[PDB]
Amino acid sequence: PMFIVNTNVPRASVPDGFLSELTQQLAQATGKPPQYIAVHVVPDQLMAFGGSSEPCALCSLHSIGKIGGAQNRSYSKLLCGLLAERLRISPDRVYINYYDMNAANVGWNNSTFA
Amino acid sequence: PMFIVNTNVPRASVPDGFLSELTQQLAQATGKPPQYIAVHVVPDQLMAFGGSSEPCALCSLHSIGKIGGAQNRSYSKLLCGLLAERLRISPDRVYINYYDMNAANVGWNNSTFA
Amino acid sequence: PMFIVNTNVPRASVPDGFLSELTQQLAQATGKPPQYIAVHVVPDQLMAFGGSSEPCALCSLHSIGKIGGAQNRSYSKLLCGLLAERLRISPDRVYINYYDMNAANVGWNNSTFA
Ligand SMILES: *C(=S)NCCc1ccc(S(N)(=O)=O)cc1
Ligand SMILES: *C(=S)NCCc1ccc(S(N)(=O)=O)cc1
Ligand SMILES: *C(=S)NCCc1ccc(S(N)(=O)=O)cc1
């Protein structure tokens, strides 16, 4: 699992421990061990959501499996909740794209997971 | 619809109104009201295109529907035109990836669109 | 072909000719002319991999074709090797996502490649 957050909120507004919390919460949500999880947080971005520059985020979650209708609703509740509580971004100014990756299309450690 | 532009043009060369211009023009092109459209512009990037560091852009357009052969050819004209006029990028140094998203794979407001 | 590498290693630790090397090596690996290859390197990122902020990278390679099981294993050896030699990133702290794009979904110069 790989989670990327792009946001216009300033870097100073990202709390200490945020990347750790994301790693832990995504491990619980996906069932995968934390060693597998990558997080990437990108603050201070030039963004608009609905033509407004108020706090917003564009995110993506890539995973080898564990992607689907019900799971994605659960991930959205979790991840919008964290962006609201920790970065003060309204959930209706967040988009999250979910991508189910084939293992043969994910490289790691000089090879692929195929 | 979500439109992302990655470019090596400096931040100071991105007009203040560019995000709003892109929002409005994408609303007209996709038929979706502007409240649904998100835009992200990423300047000052370390990039090469054809082995040259002259101005260039790598872009993505994600949308639930409104993606297809003919539509994508039309979007390329709209977006090349905007990047040429406002960021002074040659249109042969622009790539745009088009992604047709399933509503079940787009999170928003604690849920998904499915 | 389009290759993007996001990393937490500092900008100052990216060698001068790194973009050029990636372009030439991707041309040899993919068989496509360098004039069609785009490269994008993003240092200084806020990232965690397995819960650790030691040097890591999240990358993607997009191509119209030339993506597949054994091919992706070969790309991973090539690219992990370059990230290890030049950026000092351990290969077990690199993920690379491989994307086989339909030509109708790749825009360039006021049209698509279809
Ligand atoms: C998230 S994209 N992690 C990539 C690493 C990885 C390795 C194995 C598996 S498994 N055995 O299919 O659960 C998932 C993810
Ligand atoms: C772009 S990715 N917008 C996502 C939000 C969205 C997309 C489509 C529609 S609709 N009801 O099909 O017009 C609404 C909202
Ligand atoms: C990478 S995504 N390049 C853009 C698409 C593409 C693919 C192949 C060729 S060629 N000249 O036939 O090798 C050009 C452009």
# chains A, B, ... in the order shown; residues from 1 in each chain; ligands from 1
>>> interface_residues(of="chain C", to="chain B", cutoff="6 Å", atoms="only C-alpha atoms", output="list in words")
residues 20, 34, 35, 36, 37, 38, 39, 40, 41, 104, 105, 106, 107, 108, 109, 110, 111 and 112 of chain C
>>> write_last_selection(atoms="N, CA, C and O atoms", output="PDB file, in the first residue's frame")
ATOM      1  N   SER C  20      19.874  13.302 -17.423  1.00  0.00           N
ATOM      2  CA  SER C  20      20.392  12.830 -18.698  1.00  0.00           C
ATOM      3  C   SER C  20      20.669  11.334 -18.665  1.00  0.00           C
ATOM      4  O   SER C  20      20.441  10.632 -19.657  1.00  0.00           O
ATOM      5  N   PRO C  34      15.283   8.744 -27.461  1.00  0.00           N
ATOM      6  CA  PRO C  34      15.313   9.664 -26.311  1.00  0.00           C
ATOM      7  C   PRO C  34      14.440  10.900 -26.483  1.00  0.00           C
ATOM      8  O   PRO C  34      13.940  11.445 -25.489  1.00  0.00           O
ATOM      9  N   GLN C  35      14.194  11.331 -27.714  1.00  0.00           N
ATOM     10  CA  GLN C  35      13.389  12.536 -27.914  1.00  0.00           C
ATOM     11  C   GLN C  35      11.981  12.362 -27.390  1.00  0.00           C
ATOM     12  O   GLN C  35      11.306  13.368 -27.137  1.00  0.00           O
ATOM     13  N   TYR C  36      11.544  11.125 -27.149  1.00  0.00           N
ATOM     14  CA  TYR C  36      10.192  10.891 -26.656  1.00  0.00           C
ATOM     15  C   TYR C  36      10.125  10.563 -25.179  1.00  0.00           C
ATOM     16  O   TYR C  36       9.027  10.297 -24.677  1.00  0.00           O
ATOM     17  N   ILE C  37      11.249  10.602 -24.458  1.00  0.00           N
ATOM     18  CA  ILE C  37      11.304  10.186 -23.060  1.00  0.00           C
ATOM     19  C   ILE C  37      11.256  11.412 -22.161  1.00  0.00           C
ATOM     20  O   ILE C  37      11.975  12.387 -22.387  1.00  0.00           O
ATOM     21  N   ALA C  38      10.409  11.361 -21.133  1.00  0.00           N
ATOM     22  CA  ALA C  38      10.300  12.427 -20.137  1.00  0.00           C
ATOM     23  C   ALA C  38      10.694  11.883 -18.775  1.00  0.00           C
ATOM     24  O   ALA C  38      10.341  10.756 -18.431  1.00  0.00           O
ATOM     25  N   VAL C  39      11.425  12.683 -18.004  1.00  0.00           N
ATOM     26  CA  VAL C  39      11.904  12.296 -16.679  1.00  0.00           C
ATOM     27  C   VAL C  39      11.628  13.419 -15.702  1.00  0.00           C
ATOM     28  O   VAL C  39      11.748  14.598 -16.040  1.00  0.00           O
ATOM     29  N   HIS C  40      11.249  13.047 -14.471  1.00  0.00           N
ATOM     30  CA  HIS C  40      10.808  14.000 -13.461  1.00  0.00           C
ATOM     31  C   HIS C  40      11.318  13.500 -12.118  1.00  0.00           C
ATOM     32  O   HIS C  40      10.935  12.411 -11.697  1.00  0.00           O
ATOM     33  N   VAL C  41      12.207  14.253 -11.468  1.00  0.00           N
ATOM     34  CA  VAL C  41      12.805  13.858 -10.188  1.00  0.00           C
ATOM     35  C   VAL C  41      12.374  14.868  -9.139  1.00  0.00           C
ATOM     36  O   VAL C  41      12.529  16.083  -9.335  1.00  0.00           O
ATOM     37  N   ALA C 104      -4.669   6.054 -26.977  1.00  0.00           N
ATOM     38  CA  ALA C 104      -5.724   7.060 -26.999  1.00  0.00           C
ATOM     39  C   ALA C 104      -5.786   7.874 -25.723  1.00  0.00           C
ATOM     40  O   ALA C 104      -6.437   8.943 -25.711  1.00  0.00           O
ATOM     41  N   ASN C 105      -5.148   7.395 -24.657  1.00  0.00           N
ATOM     42  CA  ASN C 105      -5.157   8.077 -23.369  1.00  0.00           C
ATOM     43  C   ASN C 105      -3.860   8.832 -23.090  1.00  0.00           C
ATOM     44  O   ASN C 105      -3.617   9.213 -21.943  1.00  0.00           O
ATOM     45  N   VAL C 106      -3.021   9.038 -24.102  1.00  0.00           N
ATOM     46  CA  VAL C 106      -1.792   9.813 -23.957  1.00  0.00           C
ATOM     47  C   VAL C 106      -1.864  10.982 -24.932  1.00  0.00           C
ATOM     48  O   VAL C 106      -1.781  10.803 -26.159  1.00  0.00           O
ATOM     49  N   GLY C 107      -2.014  12.181 -24.368  1.00  0.00           N
ATOM     50  CA  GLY C 107      -2.020  13.384 -25.163  1.00  0.00           C
ATOM     51  C   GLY C 107      -0.633  13.958 -25.361  1.00  0.00           C
ATOM     52  O   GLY C 107       0.252  13.884 -24.506  1.00  0.00           O
ATOM     53  N   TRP C 108      -0.452  14.570 -26.522  1.00  0.00           N
ATOM     54  CA  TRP C 108       0.794  15.218 -26.892  1.00  0.00           C
ATOM     55  C   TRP C 108       0.476  16.175 -28.027  1.00  0.00           C
ATOM     56  O   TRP C 108      -0.201  15.796 -28.985  1.00  0.00           O
ATOM     57  N   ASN C 109       0.949  17.410 -27.922  1.00  0.00           N
ATOM     58  CA  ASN C 109       0.926  18.355 -29.050  1.00  0.00           C
ATOM     59  C   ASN C 109      -0.419  18.365 -29.780  1.00  0.00           C
ATOM     60  O   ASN C 109      -0.521  18.100 -30.975  1.00  0.00           O
ATOM     61  N   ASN C 110      -1.469  18.690 -29.031  1.00  0.00           N
ATOM     62  CA  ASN C 110      -2.793  18.984 -29.585  1.00  0.00           C
ATOM     63  C   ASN C 110      -3.495  17.769 -30.165  1.00  0.00           C
ATOM     64  O   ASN C 110      -4.466  17.910 -30.906  1.00  0.00           O
ATOM     65  N   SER C 111      -3.079  16.577 -29.737  1.00  0.00           N
ATOM     66  CA  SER C 111      -3.781  15.355 -30.128  1.00  0.00           C
ATOM     67  C   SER C 111      -3.409  14.249 -29.145  1.00  0.00           C
ATOM     68  O   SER C 111      -2.967  14.524 -28.023  1.00  0.00           O
ATOM     69  N   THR C 112      -3.642  13.003 -29.547  1.00  0.00           N
ATOM     70  CA  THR C 112      -3.182  11.857 -28.793  1.00  0.00           C
ATOM     71  C   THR C 112      -2.350  10.990 -29.719  1.00  0.00           C
ATOM     72  O   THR C 112      -2.258  11.233 -30.929  1.00  0.00           O
TER      73      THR C 112
END
>>> residues_near_ligand(ligand="ligand 1", cutoff="6 Å", atoms="only C-alpha atoms and all ligand atoms", output="VMD selection string")
chain A and resid 1 to 2 36 to 37 62 to 64
>>> write_last_selection(atoms="N, CA and C atoms", output="PDB file, in the first residue's frame")
ATOM      1  N   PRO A   1       0.794  -1.240   0.000  1.00  0.00           N
ATOM      2  CA  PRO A   1       0.000   0.000   0.000  1.00  0.00           C
ATOM      3  C   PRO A   1       0.823   1.285   0.000  1.00  0.00           C
ATOM      4  N   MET A   2       0.396   2.245  -0.819  1.00  0.00           N
ATOM      5  CA  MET A   2       1.110   3.506  -0.991  1.00  0.00           C
ATOM      6  C   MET A   2       0.074   4.601  -0.921  1.00  0.00           C
ATOM      7  N   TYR A  36       5.226  -2.833   4.873  1.00  0.00           N
ATOM      8  CA  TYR A  36       4.874  -2.739   3.456  1.00  0.00           C
ATOM      9  C   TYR A  36       4.384  -1.364   3.045  1.00  0.00           C
ATOM     10  N   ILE A  37       4.083  -0.472   3.984  1.00  0.00           N
ATOM     11  CA  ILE A  37       3.293   0.716   3.705  1.00  0.00           C
ATOM     12  C   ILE A  37       4.205   1.903   3.460  1.00  0.00           C
ATOM     13  N   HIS A  62      -2.728   3.413  -3.601  1.00  0.00           N
ATOM     14  CA  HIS A  62      -2.413   2.284  -4.462  1.00  0.00           C
ATOM     15  C   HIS A  62      -2.217   1.062  -3.578  1.00  0.00           C
ATOM     16  N   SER A  63      -2.738  -0.090  -3.988  1.00  0.00           N
ATOM     17  CA  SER A  63      -2.560  -1.306  -3.205  1.00  0.00           C
ATOM     18  C   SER A  63      -2.613  -2.508  -4.125  1.00  0.00           C
ATOM     19  N   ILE A  64      -1.845  -3.543  -3.792  1.00  0.00           N
ATOM     20  CA  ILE A  64      -1.955  -4.835  -4.451  1.00  0.00           C
ATOM     21  C   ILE A  64      -3.113  -5.566  -3.770  1.00  0.00           C
TER      22      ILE A  64
END
>>> calpha_fit_and_write(fixed="chain C", moving="chain B", output="JSON list (two decimals) with C-alpha atoms, in the first residue's frame")
[["chain", "number", "residue", "atom", "x", "y", "z"],
["B", 1, "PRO", "CA", 7.93, 6.60, -21.67],
["B", 2, "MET", "CA", 7.65, 8.78, -18.56],
["B", 3, "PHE", "CA", 9.63, 8.10, -15.40],
["B", 4, "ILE", "CA", 8.88, 9.88, -12.11],
["B", 5, "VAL", "CA", 10.96, 9.54, -8.92],
["B", 6, "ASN", "CA", 9.67, 10.88, -5.57],
["B", 7, "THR", "CA", 12.32, 10.78, -2.84],
["B", 8, "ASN", "CA", 13.21, 12.21, 0.55],
["B", 9, "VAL", "CA", 16.87, 12.61, -0.55],
["B", 10, "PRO", "CA", 17.75, 16.34, -0.56],
["B", 11, "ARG", "CA", 17.97, 18.25, -3.82],
["B", 12, "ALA", "CA", 21.69, 18.87, -3.32],
["B", 13, "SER", "CA", 22.24, 15.10, -3.38],
["B", 14, "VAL", "CA", 20.68, 14.66, -6.84],
["B", 15, "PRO", "CA", 23.52, 14.74, -9.41],
["B", 16, "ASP", "CA", 23.22, 17.37, -12.13],
["B", 17, "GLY", "CA", 23.44, 14.65, -14.79],
["B", 18, "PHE", "CA", 20.89, 12.28, -13.29],
["B", 19, "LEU", "CA", 17.96, 13.26, -15.52],
["B", 20, "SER", "CA", 20.08, 12.81, -18.66],
["B", 21, "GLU", "CA", 21.47, 9.50, -17.38],
["B", 22, "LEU", "CA", 17.94, 8.22, -16.72],
["B", 23, "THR", "CA", 16.81, 9.42, -20.16],
["B", 24, "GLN", "CA", 19.59, 7.56, -21.94],
["B", 25, "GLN", "CA", 19.31, 4.36, -19.91],
["B", 26, "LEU", "CA", 15.52, 4.26, -20.31],
["B", 27, "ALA", "CA", 15.88, 4.71, -24.07],
["B", 28, "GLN", "CA", 18.14, 1.64, -24.20],
["B", 29, "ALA", "CA", 15.83, -0.37, -21.91],
["B", 30, "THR", "CA", 12.55, 0.46, -23.70],
["B", 31, "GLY", "CA", 13.93, 0.56, -27.25],
["B", 32, "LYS", "CA", 12.49, 4.04, -27.71],
["B", 33, "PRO", "CA", 14.65, 6.93, -28.92],
["B", 34, "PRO", "CA", 15.56, 9.42, -26.19],
["B", 35, "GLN", "CA", 13.46, 12.20, -27.77],
["B", 36, "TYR", "CA", 10.37, 10.29, -26.63],
["B", 37, "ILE", "CA", 11.38, 9.96, -22.97],
["B", 38, "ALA", "CA", 10.34, 12.29, -20.15],
["B", 39, "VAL", "CA", 11.88, 12.25, -16.65],
["B", 40, "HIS", "CA", 10.76, 14.00, -13.46],
["B", 41, "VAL", "CA", 12.72, 13.84, -10.17],
["B", 42, "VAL", "CA", 11.12, 15.15, -6.97],
["B", 43, "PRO", "CA", 13.56, 15.47, -4.02],
["B", 44, "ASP", "CA", 13.15, 16.78, -0.47],
["B", 45, "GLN", "CA", 9.88, 14.92, 0.06],
["B", 46, "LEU", "CA", 8.17, 14.11, 3.36],
["B", 47, "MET", "CA", 8.02, 10.33, 3.12],
["B", 48, "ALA", "CA", 8.17, 7.16, 5.15],
["B", 49, "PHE", "CA", 8.77, 3.59, 3.98],
["B", 50, "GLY", "CA", 8.07, 0.82, 6.45],
["B", 51, "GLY", "CA", 7.64, 3.51, 9.12],
["B", 52, "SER", "CA", 11.20, 4.83, 8.71],
["B", 53, "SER", "CA", 12.36, 8.10, 7.17],
["B", 54, "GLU", "CA", 15.72, 6.71, 5.97],
["B", 55, "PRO", "CA", 16.24, 7.41, 2.24],
["B", 56, "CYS", "CA", 13.56, 5.87, 0.04],
["B", 57, "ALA", "CA", 11.81, 6.35, -3.29],
["B", 58, "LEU", "CA", 8.37, 5.91, -4.80],
["B", 59, "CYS", "CA", 8.48, 5.81, -8.56],
["B", 60, "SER", "CA", 6.29, 5.38, -11.60],
["B", 61, "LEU", "CA", 7.10, 4.26, -15.14],
["B", 62, "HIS", "CA", 4.37, 4.94, -17.73],
["B", 63, "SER", "CA", 4.77, 3.72, -21.30],
["B", 64, "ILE", "CA", 2.73, 3.01, -24.40],
["B", 65, "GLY", "CA", 3.64, -0.65, -24.57],
["B", 66, "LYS", "CA", 6.94, -2.11, -23.38],
["B", 67, "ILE", "CA", 5.30, -3.02, -20.05],
["B", 68, "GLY", "CA", 4.83, -6.59, -18.89],
["B", 69, "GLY", "CA", 5.85, -9.25, -16.44],
["B", 70, "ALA", "CA", 9.34, -9.96, -17.67],
["B", 71, "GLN", "CA", 10.06, -6.43, -18.84],
["B", 72, "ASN", "CA", 9.05, -4.98, -15.48],
["B", 73, "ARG", "CA", 11.40, -7.32, -13.62],
["B", 74, "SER", "CA", 14.24, -6.06, -15.82],
["B", 75, "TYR", "CA", 13.31, -2.41, -15.39],
["B", 76, "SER", "CA", 13.34, -2.88, -11.61],
["B", 77, "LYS", "CA", 16.97, -4.00, -11.77],
["B", 78, "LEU", "CA", 17.97, -1.10, -13.98],
["B", 79, "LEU", "CA", 16.19, 1.52, -11.89],
["B", 80, "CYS", "CA", 17.14, 0.16, -8.47],
["B", 81, "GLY", "CA", 20.72, 0.12, -9.66],
["B", 82, "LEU", "CA", 20.59, 3.77, -10.74],
["B", 83, "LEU", "CA", 18.83, 4.92, -7.56],
["B", 84, "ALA", "CA", 21.30, 2.98, -5.40],
["B", 85, "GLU", "CA", 24.40, 4.34, -7.11],
["B", 86, "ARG", "CA", 23.38, 7.93, -7.75],
["B", 87, "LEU", "CA", 20.99, 8.68, -4.85],
["B", 88, "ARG", "CA", 22.38, 6.15, -2.30],
["B", 89, "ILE", "CA", 18.94, 4.60, -1.69],
["B", 90, "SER", "CA", 18.77, 0.98, -0.52],
["B", 91, "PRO", "CA", 16.93, -1.10, -3.17],
["B", 92, "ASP", "CA", 14.57, -2.55, -0.57],
["B", 93, "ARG", "CA", 13.30, 0.99, 0.03],
["B", 94, "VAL", "CA", 12.19, 1.55, -3.59],
["B", 95, "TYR", "CA", 8.74, 0.87, -5.03],
["B", 96, "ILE", "CA", 8.09, 1.33, -8.78],
["B", 97, "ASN", "CA", 4.58, 1.27, -10.26],
["B", 98, "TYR", "CA", 4.40, 0.22, -13.93],
["B", 99, "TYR", "CA", 1.61, 1.55, -16.14],
["B", 100, "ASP", "CA", 0.86, 0.37, -19.68],
["B", 101, "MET", "CA", -0.92, 3.30, -21.38],
["B", 102, "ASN", "CA", -3.25, 3.12, -24.38],
["B", 103, "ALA", "CA", -2.16, 5.53, -27.09],
["B", 104, "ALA", "CA", -5.66, 7.09, -27.07],
["B", 105, "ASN", "CA", -5.06, 8.09, -23.41],
["B", 106, "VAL", "CA", -1.75, 9.92, -23.95],
["B", 107, "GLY", "CA", -1.96, 13.52, -25.13],
["B", 108, "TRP", "CA", 0.91, 15.31, -26.90],
["B", 109, "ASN", "CA", 1.18, 18.26, -29.28],
["B", 110, "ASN", "CA", -2.53, 19.21, -29.28],
["B", 111, "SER", "CA", -3.75, 15.68, -29.95],
["B", 112, "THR", "CA", -3.20, 12.13, -28.76],
["B", 113, "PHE", "CA", -1.10, 9.28, -30.13],
["B", 114, "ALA", "CA", -4.10, 7.22, -31.32]]
>>> select_by_dssp(residues="stretch 12-60 of chain C", states="strand (DSSP E)", output="VMD selection string")
chain C and resid 38 to 42 46 to 49 57 to 60
>>> write_last_selection(atoms="N, CA and C atoms", output="mmCIF file, in the first residue's frame")
data_model
loop_
_atom_site.group_PDB
_atom_site.id
_atom_site.type_symbol
_atom_site.label_atom_id
_atom_site.label_comp_id
_atom_site.auth_asym_id
_atom_site.auth_seq_id
_atom_site.Cartn_x
_atom_site.Cartn_y
_atom_site.Cartn_z
ATOM 1 N N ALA C 38 10.409 11.361 -21.133
ATOM 2 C CA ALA C 38 10.300 12.427 -20.137
ATOM 3 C C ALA C 38 10.694 11.883 -18.775
ATOM 4 N N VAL C 39 11.425 12.683 -18.004
ATOM 5 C CA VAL C 39 11.904 12.296 -16.679
ATOM 6 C C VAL C 39 11.628 13.419 -15.702
ATOM 7 N N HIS C 40 11.249 13.047 -14.471
ATOM 8 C CA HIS C 40 10.808 14.000 -13.461
ATOM 9 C C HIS C 40 11.318 13.500 -12.118
ATOM 10 N N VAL C 41 12.207 14.253 -11.468
ATOM 11 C CA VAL C 41 12.805 13.858 -10.188
ATOM 12 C C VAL C 41 12.374 14.868 -9.139
ATOM 13 N N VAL C 42 11.850 14.368 -8.026
ATOM 14 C CA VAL C 42 11.252 15.179 -6.977
ATOM 15 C C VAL C 42 11.956 14.853 -5.670
ATOM 16 N N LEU C 46 8.572 14.720 2.022
ATOM 17 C CA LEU C 46 8.174 14.208 3.334
ATOM 18 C C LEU C 46 7.596 12.821 3.105
ATOM 19 N N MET C 47 8.378 11.782 3.427
ATOM 20 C CA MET C 47 8.004 10.411 3.095
ATOM 21 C C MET C 47 8.368 9.459 4.219
ATOM 22 N N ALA C 48 7.643 8.349 4.276
ATOM 23 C CA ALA C 48 7.977 7.243 5.165
ATOM 24 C C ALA C 48 7.782 5.963 4.369
ATOM 25 N N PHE C 49 8.632 4.981 4.624
ATOM 26 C CA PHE C 49 8.594 3.695 3.940
ATOM 27 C C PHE C 49 8.770 2.671 5.052
ATOM 28 N N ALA C 57 12.307 5.777 -2.017
ATOM 29 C CA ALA C 57 11.744 6.369 -3.229
ATOM 30 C C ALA C 57 10.455 5.684 -3.652
ATOM 31 N N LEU C 58 9.524 6.481 -4.178
ATOM 32 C CA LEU C 58 8.314 6.001 -4.825
ATOM 33 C C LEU C 58 8.380 6.504 -6.257
ATOM 34 N N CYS C 59 8.346 5.585 -7.215
ATOM 35 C CA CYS C 59 8.519 5.935 -8.613
ATOM 36 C C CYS C 59 7.400 5.359 -9.462
ATOM 37 N N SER C 60 7.286 5.883 -10.697
ATOM 38 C CA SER C 60 6.359 5.312 -11.656
ATOM 39 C C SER C 60 6.985 5.380 -13.043
#
>>> decode(residues="stretch 59-75 of chain C", atoms="N, CA, C and O atoms", output="compact mmCIF listing (two decimals), in the first residue's frame")
# COMPACT_ATOMS: atom_id res chain seq x y z
N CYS C 59 8.35 5.59 -7.21
CA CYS C 59 8.52 5.94 -8.61
C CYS C 59 7.40 5.36 -9.46
O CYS C 59 6.67 4.46 -9.04
N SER C 60 7.29 5.88 -10.70
CA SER C 60 6.36 5.31 -11.66
C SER C 60 6.98 5.38 -13.04
O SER C 60 7.69 6.34 -13.38
N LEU C 61 6.74 4.34 -13.83
CA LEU C 61 7.12 4.33 -15.23
C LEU C 61 5.86 4.09 -16.05
O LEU C 61 5.20 3.06 -15.88
N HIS C 62 5.52 5.05 -16.92
CA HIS C 62 4.41 4.97 -17.84
C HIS C 62 4.96 4.76 -19.24
O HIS C 62 5.95 5.40 -19.61
N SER C 63 4.31 3.88 -20.02
CA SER C 63 4.74 3.65 -21.39
C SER C 63 3.56 3.11 -22.19
O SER C 63 2.71 2.40 -21.63
N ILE C 64 3.51 3.44 -23.47
CA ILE C 64 2.58 2.80 -24.40
C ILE C 64 3.24 1.50 -24.84
O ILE C 64 4.09 1.48 -25.72
N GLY C 65 2.87 0.41 -24.19
CA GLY C 65 3.51 -0.86 -24.45
C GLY C 65 4.85 -0.97 -23.76
O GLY C 65 5.28 -0.11 -23.00
N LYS C 66 5.53 -2.09 -24.05
CA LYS C 66 6.83 -2.39 -23.45
C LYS C 66 6.74 -2.51 -21.92
O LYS C 66 7.69 -2.20 -21.21
N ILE C 67 5.58 -2.95 -21.42
CA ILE C 67 5.30 -3.15 -20.00
C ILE C 67 4.80 -4.57 -19.85
O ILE C 67 3.90 -4.98 -20.59
N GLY C 68 5.35 -5.30 -18.90
CA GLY C 68 4.97 -6.70 -18.77
C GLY C 68 5.86 -7.41 -17.78
O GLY C 68 6.83 -6.86 -17.26
N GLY C 69 5.49 -8.65 -17.51
CA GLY C 69 6.11 -9.43 -16.46
C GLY C 69 7.62 -9.40 -16.43
O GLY C 69 8.23 -8.86 -15.51
N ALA C 70 8.27 -10.02 -17.42
CA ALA C 70 9.72 -10.07 -17.37
C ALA C 70 10.34 -8.70 -17.62
O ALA C 70 11.36 -8.35 -17.00
N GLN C 71 9.72 -7.91 -18.52
CA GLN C 71 10.21 -6.57 -18.81
C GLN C 71 10.27 -5.73 -17.54
O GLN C 71 11.24 -4.99 -17.30
N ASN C 72 9.23 -5.83 -16.70
CA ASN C 72 9.21 -5.00 -15.50
C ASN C 72 10.27 -5.45 -14.50
O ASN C 72 10.80 -4.62 -13.74
N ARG C 73 10.57 -6.75 -14.46
CA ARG C 73 11.66 -7.19 -13.62
C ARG C 73 12.97 -6.56 -14.09
O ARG C 73 13.77 -6.09 -13.26
N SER C 74 13.19 -6.52 -15.41
CA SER C 74 14.40 -5.90 -15.95
C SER C 74 14.46 -4.42 -15.65
O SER C 74 15.51 -3.90 -15.24
N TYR C 75 13.34 -3.70 -15.83
CA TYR C 75 13.34 -2.28 -15.49
C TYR C 75 13.68 -2.06 -14.02
O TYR C 75 14.35 -1.09 -13.67
